[PDB]
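Take a look at this single chain, the form deposited in one PDB entry, given in structure tokens.
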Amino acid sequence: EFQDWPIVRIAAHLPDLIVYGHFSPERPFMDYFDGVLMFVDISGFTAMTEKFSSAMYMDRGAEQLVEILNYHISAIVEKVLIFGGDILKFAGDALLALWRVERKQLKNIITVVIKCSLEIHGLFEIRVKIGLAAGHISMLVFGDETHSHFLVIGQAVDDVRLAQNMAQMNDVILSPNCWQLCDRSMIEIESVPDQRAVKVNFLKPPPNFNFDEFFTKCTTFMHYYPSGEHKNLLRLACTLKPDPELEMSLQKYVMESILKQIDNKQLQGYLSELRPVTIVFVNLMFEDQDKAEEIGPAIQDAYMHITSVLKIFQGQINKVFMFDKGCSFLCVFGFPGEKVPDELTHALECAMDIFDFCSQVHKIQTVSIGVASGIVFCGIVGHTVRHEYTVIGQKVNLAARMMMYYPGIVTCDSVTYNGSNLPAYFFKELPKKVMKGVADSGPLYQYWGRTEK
């Protein structure tokens, strides 16, 4: 069976949630379902990226880094996939997976997903941290006529965020609702101080229990688990055949430079690089009460403005995420074929413009934007059959921490400040705060703009 069609290469960049969806053209588009979520945090992906920028790697640092990264990440991905999970998104520091099932099956699937989590830790004995949640999930699709983005939002998402930030290395933490829904007969746990979540210590199945048979019966409930003559494929998406309307929808989710590689119009290694870029990390905050029905339209309206300004200032959205009631856009200036000599001025002017517009979007409570510039790793991270263009580096992390620790304003780092072709009074030096995992930032600045108010 031939399976290397463009439509299949595109599907590698996308989860089944999207590949096998049937969304209306309305934007935003929202659907609702139940599932189990797994969030995997890898530690070290910070440490080593800065190591691979060393002269030791003789200008092959990016190539060496993506190689060892994909070696470790693709092992996690195939464990997720063989246990029937759908990898939703990659960040440089993590991936989020989903088991979507009917509510009656959540209890059994949690057991599957806990075994899956234990075998992932078994790969590394470099380490990982895992948080699990279960419950209601809302999916949000937003975009315009040529670009689409998705998010998951809701109960189980907020819960998986809770569980993930308590975990330490080698932990598997269960959401309070996952603990309440799971088969406590079979899972041995320990309480975590000052918390209602639990840590999983052991999986203790009854004497009769056979996990392989158990798993096989659970695949009964997985619509897209490969079986029969496709039982040794990692994804059913590998079997997709050419279908112009489906490819038309799917390609809207993928950045243009990726599509050019998919079409064999660019060397397949062109996108692995340590490159100077400016990161513009945009956070849109909503109130705790807000429902997904109201968040979706706000994000759509914000997005319609973000995308138009990015095009003017030649930036791109690399990743969208949401947690802690905040939707964040990882924007990048100076991507593989998009470097300009006034890049820094443009990143700030684009930030300020995004700030001013989104701050007048109804239901958005706070806009916060961090700007940082420097060498970041760029590349396609994951497994052959499931992977995504991602940016990694201290500057990515610094921009993200700035928008968190300095809410409601536009901040920038010292590189962006000194290297902008703007006068100093457009800026304000800021009190330097201690920030998680950020070792002396340098001086930071608020981008005040051209006039006092």
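In case it trips you up, residue 1 is the first one in the sequence shown, and so on. For clarity, a rigid core is taken as the largest C-alpha set superposing within 1.5 Å between two forms.
Enquirer: If I compare the deposited sequence with the modelled residues, how many are absent between residue 125 and residue 126: none, 1 to 3, 4 to 9, or 10 or more?
Expert: Gap between residue 125 and residue 126: 4 to 9 unmodelled residues.
Enquirer: Take the C-alpha B-factors listed in the entry for 82 to 90 and for 358 to 366, compute each mean, and give the stretch with the larger one.
Expert: Looking at the record's C-alpha B-factors, the answer is 358 to 366.
Enquirer: Return whichever of 384 to 392 and 50 to 58 has the greater mean Cα B factor according to the PDB record.
Expert: Averaged over C-alpha atoms, the B-factors run higher in 50 to 58.
Enquirer: Going by the entry, which of 374, 131, 154, 336 has the most elevated CA B factor?
Expert: Of the options given, 336 has the highest CA B-factor in the PDB entry.
Enquirer: Could you say which of 397, 70, 64, 418 has its CA atom at the highest B factor, as listed in the PDB entry?
Expert: Comparing C-alpha B-factors across 397, 70, 64, 418, the top value belongs to 418.
Enquirer: Considering every modelled residue of the chain and its Cα B-factor in the PDB entry, is residue 439 in the lowest, middle or highest third?
Expert: For residue 439, the deposited C-alpha B-factor lands in the highest third.
Enquirer: Residue 447: which third of its chain by C-alpha temperature factor?
Expert: For residue 447, whose C-alpha B-factor we compare with every modelled residue in the chain, the answer is the middle third.
Enquirer: Tell me, lowest, middle or highest third: where does the Cα B factor of residue 227 rank within its chain?
Expert: It falls in the middle third of the chain.
Enquirer: Can you tell me whether residue 36 has a C-alpha B-factor in the lowest, middle or highest third compared with the other modelled residues of the same chain?
Expert: For residue 36, whose C-alpha B-factor we compare with every modelled residue in the chain, the answer is the lowest third.
Enquirer: Classify residue 201 as lowest, middle or highest third according to the C-alpha B-factor given in the PDB entry, relative to its own chain.
Expert: CA B-factor rank for residue 201: highest third.
There is another form of this protein, the form solved in complex with a small molecule, and it is not shown here; the text below is about that form.
Enquirer: Going by heavy atom distances of 4.5 angstroms or less, which of 253, 321, 221, 357 would be at the interface with the small molecule in the deposited complex?
Expert: The residue in contact is 321.
Enquirer: Counting any non-hydrogen atom inside 4.5 Å, which residue from 367, 292, 109, 330 sits next to the small molecule in the deposited complex?
Expert: Only one listed residue qualifies here, and that residue is 330.
Enquirer: Of 358 to 366, 343 to 351, 89 to 97, 111 to 119, which is the one stretch near the small molecule in the deposited complex, taking non-hydrogen atoms within 4.5 angstroms as near?
Expert: Contact-bearing stretch, as computed: 89 to 97.
Enquirer: Would residue 44 sit within 4.5 Å of the small molecule in the deposited complex, counting heavy atoms only?
Expert: Heavy-atom contact with the small molecule at 4.5 Å: present for residue 44.
Enquirer: Could you tell me if residue 401 has a non-hydrogen atom within 4.5 Å of the small molecule in the deposited complex?
Expert: Heavy-atom contact with the small molecule at 4.5 Å: present for residue 401.
Enquirer: Could you tell me if residue 36 has a non-hydrogen atom within 4.5 Å of the small molecule in the deposited complex?
Expert: So residue 36 does not count as contacting the small molecule.
Enquirer: Does residue 396 reach the small molecule in the deposited complex if we count a contact as any heavy atom within 4.5 Å?
Expert: Result yes; residue 396 sits at the interface with the small molecule in the deposited complex.
Enquirer: Would the small molecule in the deposited complex be within 4.5 angstroms of a non-hydrogen atom of every residue among 66, 335 and 374?
Expert: No: no residue has a heavy atom within 4.5 Å of the partner.
Enquirer: After superposing on the rigid core, which residue among 78, 290, 247, 301 shows a C-alpha displacement of 2 Å or more between the shown form and the other one?
Expert: Spelled out, the residue whose C-alpha shifts by 2 Å or more is 290.
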